Amino acid sequence: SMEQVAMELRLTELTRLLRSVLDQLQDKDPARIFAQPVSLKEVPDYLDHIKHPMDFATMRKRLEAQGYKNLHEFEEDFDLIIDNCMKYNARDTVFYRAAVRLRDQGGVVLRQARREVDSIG
């Protein structure tokens, strides 16, 4: 149908905007602490602690499959990256501190993204 196509164009444009958001958020992680999944070879107990692991490469795979229907789903995944880290790692670690800084810096990006998504529809 013409409607399904129009819907698919909207999704594609959402995907375009979320790709730009993702790049901006990932720049706020210059140490690449959140770039890849936590290694189950190196942290064999991880899934005993964290039930829904997340990282930027995994979000990128979802994004490129057009797997985010709206900004809320994308933000859920970004919040998992932060929240998982702040549970698994103690306050006095480079990891926890990296997550706090990512959260604080990403807030600004995500604020305008929401306005853009609402604005452009």
# chains A, B, ... in the order shown; residues from 1 in each chain; ligands from 1
>>> closest_atom_pairs(of="range 45-115 of chain A", to="range 8-24 of chain A", cutoff="9 Å", atoms="only C-alpha atoms", output="JSON lines")
{"residue": "A:56", "atom": "CA", "partner": "A:22", "partner_atom": "CA", "distance": 8.0}
{"residue": "A:59", "atom": "CA", "partner": "A:22", "partner_atom": "CA", "distance": 8.5}
{"residue": "A:60", "atom": "CA", "partner": "A:22", "partner_atom": "CA", "distance": 7.9}
{"residue": "A:63", "atom": "CA", "partner": "A:15", "partner_atom": "CA", "distance": 6.5}
{"residue": "A:64", "atom": "CA", "partner": "A:15", "partner_atom": "CA", "distance": 7.5}
{"residue": "A:66", "atom": "CA", "partner": "A:15", "partner_atom": "CA", "distance": 6.2}
{"residue": "A:67", "atom": "CA", "partner": "A:15", "partner_atom": "CA", "distance": 8.6}
{"residue": "A:68", "atom": "CA", "partner": "A:15", "partner_atom": "CA", "distance": 7.5}
{"residue": "A:69", "atom": "CA", "partner": "A:11", "partner_atom": "CA", "distance": 6.9}
{"residue": "A:70", "atom": "CA", "partner": "A:14", "partner_atom": "CA", "distance": 7.5}
{"residue": "A:71", "atom": "CA", "partner": "A:18", "partner_atom": "CA", "distance": 7.6}
{"residue": "A:74", "atom": "CA", "partner": "A:18", "partner_atom": "CA", "distance": 7.8}
{"residue": "A:106", "atom": "CA", "partner": "A:24", "partner_atom": "CA", "distance": 8.0}
{"residue": "A:109", "atom": "CA", "partner": "A:21", "partner_atom": "CA", "distance": 6.9}
{"residue": "A:110", "atom": "CA", "partner": "A:21", "partner_atom": "CA", "distance": 7.5}
{"residue": "A:113", "atom": "CA", "partner": "A:21", "partner_atom": "CA", "distance": 7.1}
>>> write_last_selection(atoms="N, CA, C and O atoms", output="JSON list (two decimals), in the first residue's frame")
[["chain", "number", "residue", "atom", "x", "y", "z"],
["A", 56, "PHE", "N", 27.00, -0.21, 22.86],
["A", 56, "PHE", "CA", 26.80, 0.56, 21.66],
["A", 56, "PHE", "C", 26.80, -0.28, 20.36],
["A", 56, "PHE", "O", 26.06, 0.03, 19.41],
["A", 59, "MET", "N", 23.44, -1.84, 20.07],
["A", 59, "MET", "CA", 22.40, -0.84, 19.68],
["A", 59, "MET", "C", 22.49, -0.52, 18.18],
["A", 59, "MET", "O", 21.47, -0.39, 17.48],
["A", 60, "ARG", "N", 23.72, -0.43, 17.70],
["A", 60, "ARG", "CA", 23.96, -0.14, 16.30],
["A", 60, "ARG", "C", 23.37, -1.25, 15.39],
["A", 60, "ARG", "O", 22.84, -0.98, 14.32],
["A", 63, "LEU", "N", 19.69, -0.70, 15.39],
["A", 63, "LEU", "CA", 19.39, 0.50, 14.64],
["A", 63, "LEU", "C", 19.38, 0.24, 13.12],
["A", 63, "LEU", "O", 18.45, 0.61, 12.41],
["A", 64, "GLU", "N", 20.42, -0.43, 12.64],
["A", 64, "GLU", "CA", 20.57, -0.65, 11.20],
["A", 64, "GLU", "C", 19.60, -1.67, 10.63],
["A", 64, "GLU", "O", 19.33, -1.62, 9.43],
["A", 66, "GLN", "N", 16.62, -1.24, 11.35],
["A", 66, "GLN", "CA", 15.42, -0.44, 11.70],
["A", 66, "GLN", "C", 14.57, -1.00, 12.84],
["A", 66, "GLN", "O", 13.32, -1.02, 12.80],
["A", 67, "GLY", "N", 15.25, -1.47, 13.90],
["A", 67, "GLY", "CA", 14.60, -2.11, 14.99],
["A", 67, "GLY", "C", 14.12, -1.20, 16.13],
["A", 67, "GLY", "O", 13.55, -1.70, 17.12],
["A", 68, "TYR", "N", 14.40, 0.10, 16.05],
["A", 68, "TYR", "CA", 13.81, 1.06, 17.00],
["A", 68, "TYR", "C", 12.55, 1.74, 16.38],
["A", 68, "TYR", "O", 12.66, 2.58, 15.50],
["A", 69, "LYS", "N", 11.41, 1.45, 16.95],
["A", 69, "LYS", "CA", 10.11, 2.04, 16.45],
["A", 69, "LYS", "C", 9.91, 3.50, 16.84],
["A", 69, "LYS", "O", 9.21, 4.25, 16.15],
["A", 70, "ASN", "N", 10.50, 3.90, 17.96],
["A", 70, "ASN", "CA", 10.35, 5.25, 18.51],
["A", 70, "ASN", "C", 11.61, 5.57, 19.38],
["A", 70, "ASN", "O", 12.41, 4.67, 19.63],
["A", 71, "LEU", "N", 11.81, 6.84, 19.71],
["A", 71, "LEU", "CA", 12.89, 7.28, 20.60],
["A", 71, "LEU", "C", 12.87, 6.59, 21.96],
["A", 71, "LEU", "O", 13.98, 6.32, 22.53],
["A", 74, "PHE", "N", 14.89, 3.36, 22.01],
["A", 74, "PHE", "CA", 16.29, 3.69, 21.86],
["A", 74, "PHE", "C", 16.81, 4.16, 23.20],
["A", 74, "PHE", "O", 17.83, 3.69, 23.68],
["A", 106, "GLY", "N", 25.03, 12.83, 27.85],
["A", 106, "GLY", "CA", 24.03, 12.36, 26.88],
["A", 106, "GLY", "C", 22.70, 13.06, 27.06],
["A", 106, "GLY", "O", 21.93, 13.15, 26.09],
["A", 109, "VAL", "N", 21.92, 15.85, 24.58],
["A", 109, "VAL", "CA", 21.71, 15.28, 23.24],
["A", 109, "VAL", "C", 20.29, 14.72, 23.16],
["A", 109, "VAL", "O", 19.53, 15.01, 22.24],
["A", 110, "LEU", "N", 19.94, 13.91, 24.15],
["A", 110, "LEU", "CA", 18.61, 13.29, 24.23],
["A", 110, "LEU", "C", 17.44, 14.27, 24.41],
["A", 110, "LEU", "O", 16.36, 14.07, 23.82],
["A", 113, "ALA", "N", 16.93, 15.64, 20.88],
["A", 113, "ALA", "CA", 16.40, 14.58, 20.08],
["A", 113, "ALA", "C", 14.90, 14.43, 20.26],
["A", 113, "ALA", "O", 14.20, 14.28, 19.26]]
>>> select_by_dssp(residues="range 9-81 of chain A", states="helix (DSSP H, G or I)", output="mmCIF file with N, CA and C atoms, in the first residue's frame")
data_model
loop_
_atom_site.group_PDB
_atom_site.id
_atom_site.type_symbol
_atom_site.label_atom_id
_atom_site.label_comp_id
_atom_site.auth_asym_id
_atom_site.auth_seq_id
_atom_site.Cartn_x
_atom_site.Cartn_y
_atom_site.Cartn_z
ATOM 1 N N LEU A 9 8.971 5.102 5.109
ATOM 2 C CA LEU A 9 9.799 6.309 4.945
ATOM 3 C C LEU A 9 10.054 7.030 6.303
ATOM 4 N N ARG A 10 8.999 7.137 7.124
ATOM 5 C CA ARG A 10 9.040 7.715 8.522
ATOM 6 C C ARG A 10 10.049 6.920 9.381
ATOM 7 N N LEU A 11 9.920 5.598 9.402
ATOM 8 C CA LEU A 11 10.883 4.724 10.086
ATOM 9 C C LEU A 11 12.318 4.960 9.610
ATOM 10 N N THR A 12 12.504 5.113 8.304
ATOM 11 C CA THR A 12 13.801 5.303 7.755
ATOM 12 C C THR A 12 14.360 6.616 8.194
ATOM 13 N N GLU A 13 13.504 7.628 8.241
ATOM 14 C CA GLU A 13 13.967 8.925 8.692
ATOM 15 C C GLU A 13 14.250 8.912 10.226
ATOM 16 N N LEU A 14 13.445 8.187 10.974
ATOM 17 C CA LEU A 14 13.695 8.029 12.436
ATOM 18 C C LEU A 14 15.068 7.393 12.621
ATOM 19 N N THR A 15 15.341 6.353 11.803
ATOM 20 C CA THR A 15 16.602 5.653 11.820
ATOM 21 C C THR A 15 17.741 6.566 11.488
ATOM 22 N N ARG A 16 17.565 7.472 10.500
ATOM 23 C CA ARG A 16 18.555 8.489 10.200
ATOM 24 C C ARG A 16 18.843 9.376 11.409
ATOM 25 N N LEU A 17 17.798 9.865 12.049
ATOM 26 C CA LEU A 17 17.989 10.756 13.214
ATOM 27 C C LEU A 17 18.627 9.977 14.412
ATOM 28 N N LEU A 18 18.133 8.767 14.696
ATOM 29 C CA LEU A 18 18.737 7.924 15.770
ATOM 30 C C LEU A 18 20.197 7.572 15.469
ATOM 31 N N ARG A 19 20.588 7.406 14.200
ATOM 32 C CA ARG A 19 21.996 7.172 13.892
ATOM 33 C C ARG A 19 22.868 8.356 14.280
ATOM 34 N N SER A 20 22.405 9.571 14.002
ATOM 35 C CA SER A 20 23.095 10.777 14.401
ATOM 36 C C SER A 20 23.156 10.896 15.979
ATOM 37 N N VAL A 21 22.025 10.648 16.635
ATOM 38 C CA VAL A 21 21.991 10.627 18.116
ATOM 39 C C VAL A 21 23.013 9.623 18.658
ATOM 40 N N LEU A 22 23.045 8.445 18.083
ATOM 41 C CA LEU A 22 23.928 7.404 18.584
ATOM 42 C C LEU A 22 25.373 7.801 18.441
ATOM 43 N N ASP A 23 25.705 8.473 17.325
ATOM 44 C CA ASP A 23 27.069 8.886 17.121
ATOM 45 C C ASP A 23 27.479 9.923 18.135
ATOM 46 N N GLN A 24 26.591 10.865 18.420
ATOM 47 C CA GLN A 24 26.807 11.919 19.404
ATOM 48 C C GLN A 24 26.964 11.325 20.816
ATOM 49 N N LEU A 25 26.160 10.320 21.151
ATOM 50 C CA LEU A 25 26.270 9.694 22.501
ATOM 51 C C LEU A 25 27.569 8.908 22.626
ATOM 52 N N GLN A 26 27.897 8.163 21.593
ATOM 53 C CA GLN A 26 29.116 7.398 21.606
ATOM 54 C C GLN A 26 30.407 8.266 21.668
ATOM 55 N N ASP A 27 30.389 9.484 21.124
ATOM 56 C CA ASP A 27 31.497 10.425 21.313
ATOM 57 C C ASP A 27 31.728 10.847 22.743
ATOM 58 N N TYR A 46 28.931 -12.607 34.615
ATOM 59 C CA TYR A 46 28.243 -11.304 34.363
ATOM 60 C C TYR A 46 26.709 -11.473 34.344
ATOM 61 N N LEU A 47 26.236 -12.537 33.726
ATOM 62 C CA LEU A 47 24.772 -12.712 33.549
ATOM 63 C C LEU A 47 24.073 -13.123 34.818
ATOM 64 N N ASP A 48 24.836 -13.527 35.860
ATOM 65 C CA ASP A 48 24.310 -13.700 37.200
ATOM 66 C C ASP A 48 23.975 -12.344 37.846
ATOM 67 N N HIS A 49 24.619 -11.288 37.363
ATOM 68 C CA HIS A 49 24.473 -9.917 37.937
ATOM 69 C C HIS A 49 23.498 -9.084 37.063
ATOM 70 N N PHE A 56 26.998 -0.207 22.859
ATOM 71 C CA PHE A 56 26.797 0.559 21.656
ATOM 72 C C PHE A 56 26.800 -0.280 20.364
ATOM 73 N N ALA A 57 27.630 -1.321 20.280
ATOM 74 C CA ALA A 57 27.636 -2.130 19.047
ATOM 75 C C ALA A 57 26.302 -2.885 18.866
ATOM 76 N N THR A 58 25.755 -3.372 19.978
ATOM 77 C CA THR A 58 24.495 -4.095 19.968
ATOM 78 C C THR A 58 23.399 -3.091 19.576
ATOM 79 N N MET A 59 23.444 -1.838 20.070
ATOM 80 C CA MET A 59 22.396 -0.838 19.682
ATOM 81 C C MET A 59 22.491 -0.522 18.184
ATOM 82 N N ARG A 60 23.724 -0.426 17.696
ATOM 83 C CA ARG A 60 23.956 -0.138 16.298
ATOM 84 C C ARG A 60 23.371 -1.254 15.385
ATOM 85 N N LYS A 61 23.483 -2.502 15.794
ATOM 86 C CA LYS A 61 22.917 -3.607 14.995
ATOM 87 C C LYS A 61 21.390 -3.488 14.923
ATOM 88 N N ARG A 62 20.773 -3.241 16.067
ATOM 89 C CA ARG A 62 19.356 -2.986 16.117
ATOM 90 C C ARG A 62 18.968 -1.788 15.266
ATOM 91 N N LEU A 63 19.693 -0.702 15.390
ATOM 92 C CA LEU A 63 19.394 0.502 14.641
ATOM 93 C C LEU A 63 19.383 0.236 13.119
ATOM 94 N N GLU A 64 20.424 -0.428 12.643
ATOM 95 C CA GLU A 64 20.575 -0.653 11.204
ATOM 96 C C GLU A 64 19.604 -1.669 10.634
ATOM 97 N N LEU A 71 11.807 6.843 19.707
ATOM 98 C CA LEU A 71 12.891 7.276 20.595
ATOM 99 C C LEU A 71 12.870 6.588 21.962
ATOM 100 N N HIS A 72 11.700 6.360 22.531
ATOM 101 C CA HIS A 72 11.594 5.707 23.849
ATOM 102 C C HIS A 72 12.320 4.343 23.879
ATOM 103 N N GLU A 73 12.135 3.531 22.846
ATOM 104 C CA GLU A 73 12.851 2.216 22.788
ATOM 105 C C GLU A 73 14.407 2.369 22.729
ATOM 106 N N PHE A 74 14.889 3.363 22.011
ATOM 107 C CA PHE A 74 16.290 3.686 21.862
ATOM 108 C C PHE A 74 16.812 4.156 23.198
ATOM 109 N N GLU A 75 16.111 5.068 23.821
ATOM 110 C CA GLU A 75 16.518 5.516 25.162
ATOM 111 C C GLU A 75 16.542 4.413 26.205
ATOM 112 N N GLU A 76 15.619 3.449 26.121
ATOM 113 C CA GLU A 76 15.635 2.316 27.042
ATOM 114 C C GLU A 76 16.982 1.572 26.992
ATOM 115 N N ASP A 77 17.424 1.320 25.768
ATOM 116 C CA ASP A 77 18.707 0.635 25.525
ATOM 117 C C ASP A 77 19.881 1.510 26.027
ATOM 118 N N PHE A 78 19.889 2.820 25.765
ATOM 119 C CA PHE A 78 20.962 3.648 26.296
ATOM 120 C C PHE A 78 21.009 3.649 27.828
ATOM 121 N N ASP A 79 19.849 3.708 28.433
ATOM 122 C CA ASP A 79 19.756 3.689 29.904
ATOM 123 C C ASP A 79 20.263 2.329 30.452
ATOM 124 N N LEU A 80 20.072 1.219 29.730
ATOM 125 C CA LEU A 80 20.585 -0.070 30.161
ATOM 126 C C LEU A 80 22.100 -0.046 30.192
ATOM 127 N N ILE A 81 22.694 0.587 29.206
ATOM 128 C CA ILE A 81 24.176 0.644 29.217
ATOM 129 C C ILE A 81 24.677 1.260 30.534
#
>>> residues_around(residues="residue 33 in chain A", least_positions_apart="4", cutoff="10 Å", atoms="only C-alpha atoms", output="MDAnalysis selection string")
chainID A and resid 26 29 37:38 55:56 85 94:95 98:99
>>> write_last_selection(atoms="C-alpha atoms", output="PDB file, in the first residue's frame")
ATOM      1  CA  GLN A  26      29.116   7.398  21.606  1.00  0.00           C
ATOM      2  CA  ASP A  29      32.559   7.655  25.593  1.00  0.00           C
ATOM      3  CA  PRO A  37      29.410  -6.257  25.006  1.00  0.00           C
ATOM      4  CA  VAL A  38      30.968  -7.122  28.293  1.00  0.00           C
ATOM      5  CA  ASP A  55      26.391  -1.802  24.627  1.00  0.00           C
ATOM      6  CA  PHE A  56      26.797   0.559  21.656  1.00  0.00           C
ATOM      7  CA  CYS A  85      27.462  -0.412  34.647  1.00  0.00           C
ATOM      8  CA  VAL A  94      36.744   4.186  36.210  1.00  0.00           C
ATOM      9  CA  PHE A  95      33.809   2.232  34.811  1.00  0.00           C
ATOM     10  CA  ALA A  98      32.538   6.757  32.870  1.00  0.00           C
ATOM     11  CA  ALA A  99      28.813   5.850  33.048  1.00  0.00           C
TER      12      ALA A  99
END
>>> closest_residue(among="A:43, A:53, A:34, A:121", to="residue 103 in chain A", atoms="only C-alpha atoms")
A:34
>>> atom_distance(atom1="CA of residue 65 in chain A", atom2="CA of residue 5 in chain A")
16.5 Å
